[PDB]
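Report on the following structure.
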Amino acid sequence: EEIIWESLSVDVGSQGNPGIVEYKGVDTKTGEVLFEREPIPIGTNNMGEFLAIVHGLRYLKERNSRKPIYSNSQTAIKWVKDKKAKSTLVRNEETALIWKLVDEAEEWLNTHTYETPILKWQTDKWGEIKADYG
DNA sequence: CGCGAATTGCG
DNA sequence: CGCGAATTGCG
Ligand SMILES: [Mg+2]
């Protein structure tokens with residue numbers, strides 16, 4: 001399998017797991033930032049990766065783009081394809097925002113179709129995903 | 001740490 | 001014993 005350069009890559013920037021979560025999606029070739037989510041005060045890295053993929057799906061659907069999405073998170077890819085985020089994060093006032101976003105992303109998946117291929121970024125083969133925060 | 005996949009007590 | 005609940009590599 002080879003890299004599809006005409007694609008979108010997503011990744012999460014964490015400050016702890018659980019901890020603050022942000023994410024972005026970038027053009028795999030150029031690095032152009034296409035969308036970003038401001039820091040969510042608490043969530044898990046997995047929840048962030050899930051939100052990042054779904055955000056990418058919504059972005060690409062709006063623009064009628066057929067570009068694939070790359071994610072380095074096998075867990076998030078599975079959650080998106082299952083249309084179910086199997087997170088164990090406690091639901092309380094502290095985590096209300098991340099769970100609101102996750103619940104809404106699930107609702108979107110369960111009420112829409114999409115053509116975007118969702119592909120695993122192979123870090124061991126290809127180096128850093130283009131959306132990496134460092 | 002959180003995940004999926006795997007391995008490990010009370011009916 | 002079964003069936004699951006809970007425990008035990010990778011990022
Ligand atoms: Mg990541």
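In what follows, every chain begins at residue 1, and chains take the letters A, B, ... in the order their sequences are listed. Just the heavy atoms: all of them, side chains too, but no hydrogens, waters or symmetry mates, feed the values below.
Cation-pi check for A:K24 over A:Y133 is met; the charged atom lies under 6.0 angstrom from the ring centroid and within 45 degrees of its normal.
For the pair A:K120 NZ and B:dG4 P, the computed distance is 15 Å after rounding to whole Å. Following rounding to the nearest Å, A:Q15 (CD) and B:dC1 (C1') show an atom-to-atom distance of 15 Å. A:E49 has its CD atom 15 Å from the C1' atom of B:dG4, to the nearest Å. When rounded to the nearest whole Å, the span between CD of A:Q122 and P of C:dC10 equals 14 Å. Rounded to whole Å, the distance from CG on A:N17 to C1' on B:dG2 is 5 Å. Taking atom CG of residue A:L51 and atom P of nucleotide B:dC3, one finds them 12 Å apart after rounding to whole Å. For the pair A:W99 CH2 and B:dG2 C1', the computed distance is 12 Å after rounding to whole Å. In this structure, CD1 of A:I98 is placed 10 Å from P of B:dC3, rounded to the nearest angstrom.
Distance check on atom P: C:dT8 versus B:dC10 gives 16 Å, rounded to whole Å.
Within the 3.5 Å criterion, the main-chain N or O of A:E32 finds no donor-acceptor partner in the side chain of A:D27.
Contact between the side-chain N/O atoms of A:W79 and the OP1/OP2 oxygens of B:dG4 is found at a separation under 4.0 Å. Residue A:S73 places none of its side-chain N or O atoms closer than 4.0 Å to OP1 or OP2 of B:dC3. Within the 4.0 Å cut-off from OP1 or OP2 of B:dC3, at least one side-chain nitrogen or oxygen of A:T88 is found.
Distances were taken from every side-chain heavy atom of A:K78 (C-beta onward) to each of B:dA5, C:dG11, B:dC3; the shortest belongs to B:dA5. Side chain of A:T75, nearest nucleotide from B:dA5, C:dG11, B:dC3: B:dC3.
Two residues are said to be in side-chain contact when any heavy atoms from C-beta on lie closer than 4.5 Å; A:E6 and A:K29 meet this criterion.
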Between A:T44 and A:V21, does a side chain to side chain contact (heavy atoms under 4.5 Å, CB included) hold up when you go through it step by step?
CA-CA 7 Å; A:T44 69; A:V21 161; over 6 Å; no
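Among the heavy atoms of the strands, none lies under 4.0 Å from A:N45.
Remark: A:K100 engages A:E104 in a salt bridge, criterion side-chain N to carboxylate O under 4.0 Å.
Put simply, CD on A:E49 and OG on A:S14 are 7.5 Å apart, with the number rounded to the nearest 0.5 Å.
Counting only Watson-Crick or G-U wobble pairs whose defining distances are both under 3.5 Å, the stems of 3 or more consecutive pairs in DNA chain B are B:1-3 with C:9-11, B:5-7 with C:6-8.
A:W126 is linked by a ring pair (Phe, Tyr, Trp, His ring centres under 6.0 Å) to A:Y70, A:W121, counting only residues two or more places apart in sequence or in another chain.
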